[PDB]
Every structure is written in structure tokens, then in C-alpha cells.
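Colleague: One structure is given below, represented as C-alpha cells, and several questions about it will come after.
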Amino acid sequence: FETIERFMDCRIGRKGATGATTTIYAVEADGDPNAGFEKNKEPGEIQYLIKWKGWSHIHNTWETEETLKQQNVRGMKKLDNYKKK
Amino acid sequence: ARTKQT
Amino acid sequence: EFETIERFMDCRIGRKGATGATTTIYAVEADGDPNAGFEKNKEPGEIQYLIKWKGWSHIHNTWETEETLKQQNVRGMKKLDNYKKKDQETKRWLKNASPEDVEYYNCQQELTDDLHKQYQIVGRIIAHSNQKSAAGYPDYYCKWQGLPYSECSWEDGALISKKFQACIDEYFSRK
Amino acid sequence: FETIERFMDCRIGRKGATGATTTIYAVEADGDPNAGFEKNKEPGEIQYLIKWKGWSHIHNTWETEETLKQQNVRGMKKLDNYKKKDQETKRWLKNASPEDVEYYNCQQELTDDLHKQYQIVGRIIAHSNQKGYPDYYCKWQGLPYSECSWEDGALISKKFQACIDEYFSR
């Protein structure tokens, strides 16, 4: 289940600062886990803000190649195409 | 984080 | 490491040794002014300068002498010379000025003086941290009075709560 | 030569409406290279408004992440900070309650008016002998005397004569 409908954004963030704890409602609820991050802590991953099929934007989450992968969403093609610049 | 709170 | 002068905010004479961490508003509210009650008339203090630091809010400004600076090995020293040259240039051009000129300069400088104090106070908390201290304080993204949001910054949760608990209660209150 | 001191604003703007010809006084004297922009429609360019070390705010210019490099400027480690912070906020924006968005709007309006005084002479307090014109030392509205700067006459006289007329009060 669960489909990338679109890559909205991209960033370097604290490793671990992905999934359910990055919804706006999770952040506003329990804090932002990317909540000081800077290129001098040893997570600095690459995080893609991924809007999901059949969920509206409030549910969008920050994931990662590995995080997508290991959840088995479809839409990966998209990633390929976003991986670009 | 980071204060001067010596 | 190590720290950098961004801006000289002010200039004074005070107690020798009244410099450094002990000289922030938060340190001072918590513990009292090392420059306690300094009459020009305890042995002349030293010329001390109020320093605004690279990557640190105005809440963290410290009073420092030419010597502490040199001692702490900070960067931006060039800026102490300009500040002085410039301070001298002002004085010279104001030795003889109307009382009007002198009047203007004292108001128009009380204005700024007061302005700058506002940078140290939080007008709005806009976000907090998902991680918490051992004491269980989160850190807060702060919007400072008098400055644009490009100047917002993450302040230690305990630090803030000591003085801006209201802003805190209010942020959570808006949910 | 030049080193940036503070990033003041950024805009999407016509391509090439960056630089020397974007100074409050050039605009005033020649026109505005970014004038007509997108009354549709043409190619854009994200442009930053720069305050330069050593110059008064009356000389801020708009610039491009390149023109900057294409000019050797120092301070560009500041650009990465800034960019980061803007996105960081363009983002917060799409989800901020109306309550929060009004506040943002009000403050950024003020802040922005502040930043505009900076470029207007409050009082000229001194003047030179090297001379049409003598140079003038200026107190800028909304800032300390610690930020007085010497400026070209002529230039200053184009917009700020009333201030110089006053100053010759002896």
C-alpha cells in the first residue's frame, strides 16, 4: 500500500527525522524532530518531503530512499526523476 | 541548546 | 570554536571583572549584576564593550574589554578598531555643536538604546523541539521583538521559561 | 573588494535587474530594471537584497547567487545560511494558522519600514572641505550615530537638501 503521488521538497536533515513524527500535526503536537539540525551532527541525511496518494497535504511526511524502500511504497520511479539537478 | 550558562 | 564579533552594541565603564557570561540579561536576572551598583566612583572600571556575537541571539550579548576579547581569542578584532576610530570621529564632530545638536544626539540615541533592548525579548514562540532536556524542557524557536523572522532562533527551553513562560503558555494555548 | 554583511530581502525578479542600477538612487534617477516584471510574462531569477560592509543602506543592491561569485565577494557562507532559513519559512507558511500568518504579516510590514528609514538622512552632522560639492556625514534615521557615514554631496543634495539647508545653521 501507500503511493508517492509527488515529491514536494527536499532537504538535509537529522538522521531519524522522518516518518510519522514529521506530519505537521505530529510536529505541532510533539515537537519537530529536525529541531535544531545543522550540517555538524552525524545524521545529516537527505530527506524528501513526500505527499501521498489518497491523503491530503497535512499528512505529507519527510522520508528517505531507505525509508521508502523499506515501507515498499509504489511510485519509486518518481524518486529517480526527482533525483536530479 | 547552547547558552552561556557557565 | 572560536567565537566571532558581529556587532558592537554599546560602550561603558564598569567594575573591573564585570565582563563575560555573568554579564548577560539572563545571568543577571538570575544572579545579579557583577557591575552591581557601580559608581564611576569605585576605582575607575575599564572601558567595556557590549558584544553581539555571530550565531547567537542578542539575549546572549556580553560586556567585554579589549583584553577579554584578545584573551578569549575571538575573531572580528578588526571591528574593535573601527568601532573606536568611529567613536572618536563622532566625539570630535560633536565637541562643539548647538545644544540642539547635543540634545538631538541624546534623544536619537536613547531611541536606539531602547530599541536594542527589545531584541532580547521574545514577542512570539513559533515552534518547539521534539527532543527534550533531561529536565524535560524542549527548545523553542523564538521570534524576537524588533527583528524579522530571518532572525528567529532556537533558544534553550529552561532559559526562556525563566522569563517568557507567558509566551510559552500562549504558544501551547493556540495549541 | 566587496563583502556582504546582511541579507535584507529576496524577491523573484526580472533577469539582470541586479546590481548597480538597483540602488534606491539609481532607480530614482534612471528607472527600475525590475519595473514591469510579470504583467505576463517572462523568465525569473531569485534575487537577494544585500547590505554591504562599509556602505550605508542607501547603497544596497539586488543580487543573484552568481553575480556574487561572478564578483569575488566575501561573506557568501552567509548565503547558505539565509537560503536555508527562507525555505525553512516559506514552508512553515503553507501550514501556519491564520492567526500566525497575520502576525507574520504585521511584523514583516514594520521590519520592512524600519529597513527603509535606514536609507534616509535624519540629520547631517558634519561636512568636508574637499569640494560642486562637499561630502557630508549623515545620521540615518532609525540608526545609531555609530553608523554615521560620509556620503557624496550632489547625491545627498538630490533628495536631502532640506537637511543640508538646516545644518548650515551658524
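Residue numbering restarts at 1 for every chain of the C-alpha cells, chains are lettered A, B, ... in their displayed order, and ligands are numbered from 1 as they appear.
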Using only C-alpha atoms, find each residue in chain A having at least one atom no more than 12 Å away from chain D; report its shortest atom-to-atom pair and that distance in Å (one decimal), rows by chain then rising number, as JSON lines.

Modeller:
```
{"residue": "A:8", "atom": "CA", "partner": "D:91", "partner_atom": "CA", "distance": 10.6}
{"residue": "A:9", "atom": "CA", "partner": "D:91", "partner_atom": "CA", "distance": 9.4}
{"residue": "A:10", "atom": "CA", "partner": "D:87", "partner_atom": "CA", "distance": 10.2}
{"residue": "A:11", "atom": "CA", "partner": "D:84", "partner_atom": "CA", "distance": 9.1}
{"residue": "A:12", "atom": "CA", "partner": "D:84", "partner_atom": "CA", "distance": 9.9}
{"residue": "A:13", "atom": "CA", "partner": "D:84", "partner_atom": "CA", "distance": 11.5}
{"residue": "A:23", "atom": "CA", "partner": "D:95", "partner_atom": "CA", "distance": 10.8}
{"residue": "A:24", "atom": "CA", "partner": "D:95", "partner_atom": "CA", "distance": 7.5}
{"residue": "A:25", "atom": "CA", "partner": "D:95", "partner_atom": "CA", "distance": 9.8}
{"residue": "A:27", "atom": "CA", "partner": "D:92", "partner_atom": "CA", "distance": 11.1}
{"residue": "A:28", "atom": "CA", "partner": "D:96", "partner_atom": "CA", "distance": 10.2}
{"residue": "A:32", "atom": "CA", "partner": "D:92", "partner_atom": "CA", "distance": 11.5}
{"residue": "A:34", "atom": "CA", "partner": "D:88", "partner_atom": "CA", "distance": 11.2}
{"residue": "A:35", "atom": "CA", "partner": "D:88", "partner_atom": "CA", "distance": 11.6}
{"residue": "A:36", "atom": "CA", "partner": "D:88", "partner_atom": "CA", "distance": 11.9}
{"residue": "A:37", "atom": "CA", "partner": "D:84", "partner_atom": "CA", "distance": 11.2}
{"residue": "A:38", "atom": "CA", "partner": "D:81", "partner_atom": "CA", "distance": 10.0}
{"residue": "A:39", "atom": "CA", "partner": "D:81", "partner_atom": "CA", "distance": 10.9}
{"residue": "A:49", "atom": "CA", "partner": "D:91", "partner_atom": "CA", "distance": 10.9}
{"residue": "A:57", "atom": "CA", "partner": "D:95", "partner_atom": "CA", "distance": 9.4}
{"residue": "A:58", "atom": "CA", "partner": "D:95", "partner_atom": "CA", "distance": 7.9}
{"residue": "A:59", "atom": "CA", "partner": "D:95", "partner_atom": "CA", "distance": 11.4}
{"residue": "A:60", "atom": "CA", "partner": "D:95", "partner_atom": "CA", "distance": 11.4}
```

Colleague: Can you pull out the residues contacting segment 33-40 of chain D? Cut-off 9 Å, using only C-alpha atoms, and skip same-chain residues under 3 positions away; I want them as a JSON list (two decimals) with N, CA and C atoms, in the first residue's frame.

Modeller:
```
[["chain", "number", "residue", "atom", "x", "y", "z"],
["D", 13, "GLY", "N", 12.72, 38.27, -9.49],
["D", 13, "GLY", "CA", 12.80, 39.48, -10.29],
["D", 13, "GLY", "C", 13.32, 39.26, -11.70],
["D", 14, "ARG", "N", 12.91, 40.13, -12.62],
["D", 14, "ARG", "CA", 13.48, 40.16, -13.97],
["D", 14, "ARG", "C", 14.95, 39.73, -13.96],
["D", 15, "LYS", "N", 15.44, 39.19, -15.08],
["D", 15, "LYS", "CA", 16.81, 38.71, -15.13],
["D", 15, "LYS", "C", 17.69, 39.86, -15.52],
["D", 16, "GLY", "N", 18.57, 40.26, -14.62],
["D", 16, "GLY", "CA", 19.51, 41.33, -14.92],
["D", 16, "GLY", "C", 19.21, 42.60, -14.15],
["D", 17, "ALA", "N", 18.06, 42.62, -13.48],
["D", 17, "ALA", "CA", 17.72, 43.73, -12.61],
["D", 17, "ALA", "C", 18.38, 43.40, -11.28],
["D", 18, "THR", "N", 19.69, 43.24, -11.39],
["D", 18, "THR", "CA", 20.52, 43.10, -10.24],
["D", 18, "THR", "C", 21.65, 44.07, -10.39],
["D", 21, "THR", "N", 22.42, 49.22, -10.80],
["D", 21, "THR", "CA", 21.27, 50.03, -11.23],
["D", 21, "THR", "C", 20.03, 49.83, -10.40],
["D", 22, "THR", "N", 20.19, 49.11, -9.30],
["D", 22, "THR", "CA", 19.06, 48.85, -8.43],
["D", 22, "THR", "C", 19.16, 49.64, -7.15],
["D", 27, "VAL", "N", 17.52, 53.94, -9.19],
["D", 27, "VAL", "CA", 16.11, 53.75, -9.50],
["D", 27, "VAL", "C", 15.47, 55.10, -9.67],
["D", 43, "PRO", "N", 10.91, 35.25, -17.93],
["D", 43, "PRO", "CA", 11.80, 34.43, -17.10],
["D", 43, "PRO", "C", 12.31, 35.13, -15.80],
["D", 44, "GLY", "N", 12.19, 34.42, -14.67],
["D", 44, "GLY", "CA", 12.54, 34.98, -13.36],
["D", 44, "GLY", "C", 13.89, 34.57, -12.78]]
```

Colleague: Would you give me, as a list in words, the residues of chain C that come within 6 Å of chain A, using only C-alpha atoms?

Modeller: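 Output check: residues 128, 129 and 130 of chain C.
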
Colleague: Dump C-alpha atoms for the selected residues as an mmCIF file, in the first residue's frame?

Modeller:
```cif
data_model
loop_
_atom_site.group_PDB
_atom_site.id
_atom_site.type_symbol
_atom_site.label_atom_id
_atom_site.label_comp_id
_atom_site.auth_asym_id
_atom_site.auth_seq_id
_atom_site.Cartn_x
_atom_site.Cartn_y
_atom_site.Cartn_z
ATOM 1 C CA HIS C 128 9.290 23.651 19.601
ATOM 2 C CA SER C 129 11.559 20.647 19.760
ATOM 3 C CA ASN C 130 10.531 17.002 19.682
#
```

Colleague: Taking only C-alpha atoms into account, report as a PyMOL selection string which residues of chain C lie within 8 Å of chain D.

Modeller: chain C and resi 83+86-87+90+93+105+108-109+112+146-150

Colleague: Just the number, please: distance in Å from atom CA of residue 137 of chain C to atom CA of residue 19 of chain A, one decimal.

Modeller: 23.3 Å

Colleague: Go ahead and compute the interatomic distance for atom CA of residue 23 of chain D and atom CA of residue 75 of chain D, in Å to one decimal.

Modeller: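 If I compute the distance from atom CA of residue 23 of chain D to atom CA of residue 75 of chain D, I get 20.2 Å.
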
Colleague: What separation in Å, quoted to one decimal, exists between atom CA of residue 165 of chain C and atom CA of residue 116 of chain C?

Modeller: 21.7 Å

Colleague: Using DSSP on the backbone coordinates, identify the residues of segment 61-159 of chain C assigned to strand (DSSP E); present them as a count of residues only.

Modeller: 18

Colleague: Skipping near chain neighbours, those fewer than 3 positions away, what residues fall within 9 Å of residue 59 of chain C using only C-alpha atoms, listed as a list in words?

Modeller: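 Near residue 59 of chain C, the qualifying residues are residues 24, 25, 26, 52, 56, 62, 117, 119, 120 and 121 of chain C.
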
Colleague: Write the residues of the preceding selection, restricted to N, CA, C and O atoms, as a PDB file, in the first residue's frame.

Modeller:
```pdb
ATOM      1  N   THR C  24      25.225  38.601  31.068  1.00  0.00           N
ATOM      2  CA  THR C  24      24.057  38.520  30.185  1.00  0.00           C
ATOM      3  C   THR C  24      22.775  38.863  30.948  1.00  0.00           C
ATOM      4  O   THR C  24      22.810  38.862  32.181  1.00  0.00           O
ATOM      5  N   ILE C  25      21.668  39.179  30.249  1.00  0.00           N
ATOM      6  CA  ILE C  25      20.419  39.526  30.975  1.00  0.00           C
ATOM      7  C   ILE C  25      19.928  38.360  31.756  1.00  0.00           C
ATOM      8  O   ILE C  25      19.421  38.524  32.859  1.00  0.00           O
ATOM      9  N   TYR C  26      20.059  37.168  31.193  1.00  0.00           N
ATOM     10  CA  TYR C  26      19.572  36.009  31.906  1.00  0.00           C
ATOM     11  C   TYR C  26      20.477  35.709  33.119  1.00  0.00           C
ATOM     12  O   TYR C  26      19.986  35.549  34.234  1.00  0.00           O
ATOM     13  N   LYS C  52      27.672  41.753  20.621  1.00  0.00           N
ATOM     14  CA  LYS C  52      26.726  40.910  19.916  1.00  0.00           C
ATOM     15  C   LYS C  52      27.520  39.953  18.992  1.00  0.00           C
ATOM     16  O   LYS C  52      28.288  40.359  18.102  1.00  0.00           O
ATOM     17  N   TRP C  56      24.481  33.946  17.615  1.00  0.00           N
ATOM     18  CA  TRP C  56      23.913  33.920  18.972  1.00  0.00           C
ATOM     19  C   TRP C  56      22.916  35.075  19.106  1.00  0.00           C
ATOM     20  O   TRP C  56      23.227  36.202  18.768  1.00  0.00           O
ATOM     21  N   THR C  62      27.345  39.937  25.642  1.00  0.00           N
ATOM     22  CA  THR C  62      28.177  40.094  26.817  1.00  0.00           C
ATOM     23  C   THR C  62      29.008  41.349  26.748  1.00  0.00           C
ATOM     24  O   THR C  62      29.348  41.843  25.666  1.00  0.00           O
ATOM     25  N   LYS C 117      17.269  46.846  23.201  1.00  0.00           N
ATOM     26  CA  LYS C 117      16.870  46.062  24.346  1.00  0.00           C
ATOM     27  C   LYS C 117      15.758  45.132  23.958  1.00  0.00           C
ATOM     28  O   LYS C 117      15.604  44.085  24.569  1.00  0.00           O
ATOM     29  N   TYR C 119      15.349  43.413  21.164  1.00  0.00           N
ATOM     30  CA  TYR C 119      15.910  42.235  20.534  1.00  0.00           C
ATOM     31  C   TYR C 119      16.047  41.151  21.559  1.00  0.00           C
ATOM     32  O   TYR C 119      15.923  39.995  21.259  1.00  0.00           O
ATOM     33  N   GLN C 120      16.318  41.515  22.793  1.00  0.00           N
ATOM     34  CA  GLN C 120      16.439  40.500  23.837  1.00  0.00           C
ATOM     35  C   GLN C 120      15.132  39.894  24.346  1.00  0.00           C
ATOM     36  O   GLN C 120      15.177  38.942  25.118  1.00  0.00           O
ATOM     37  N   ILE C 121      13.977  40.394  23.914  1.00  0.00           N
ATOM     38  CA  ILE C 121      12.738  39.824  24.414  1.00  0.00           C
ATOM     39  C   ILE C 121      11.890  39.145  23.305  1.00  0.00           C
ATOM     40  O   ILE C 121      11.731  39.620  22.172  1.00  0.00           O
TER      41      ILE C 121
END
```

Colleague: Find the residues of chain C in contact range of chain B, meaning any atom within 7 Å when counting only C-alpha atoms, and list them as a ChimeraX atom specification.

Modeller: /C:21,139,155-156

Colleague: Save out the residues we just selected, N, CA and C atoms, as a compact mmCIF listing (two decimals), in the first residue's frame.

Modeller:
```
# COMPACT_ATOMS: atom_id res chain seq x y z
N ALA C 21 30.26 35.88 30.76
CA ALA C 21 29.00 35.17 30.90
C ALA C 21 28.10 35.72 32.00
N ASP C 139 13.21 22.88 23.29
CA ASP C 139 13.84 24.15 22.93
C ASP C 139 12.82 24.89 22.14
N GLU C 155 16.01 28.71 21.13
CA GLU C 155 16.55 29.03 22.41
C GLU C 155 16.34 27.89 23.38
N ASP C 156 17.30 27.68 24.29
CA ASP C 156 17.16 26.67 25.34
C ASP C 156 15.84 26.82 26.10
```
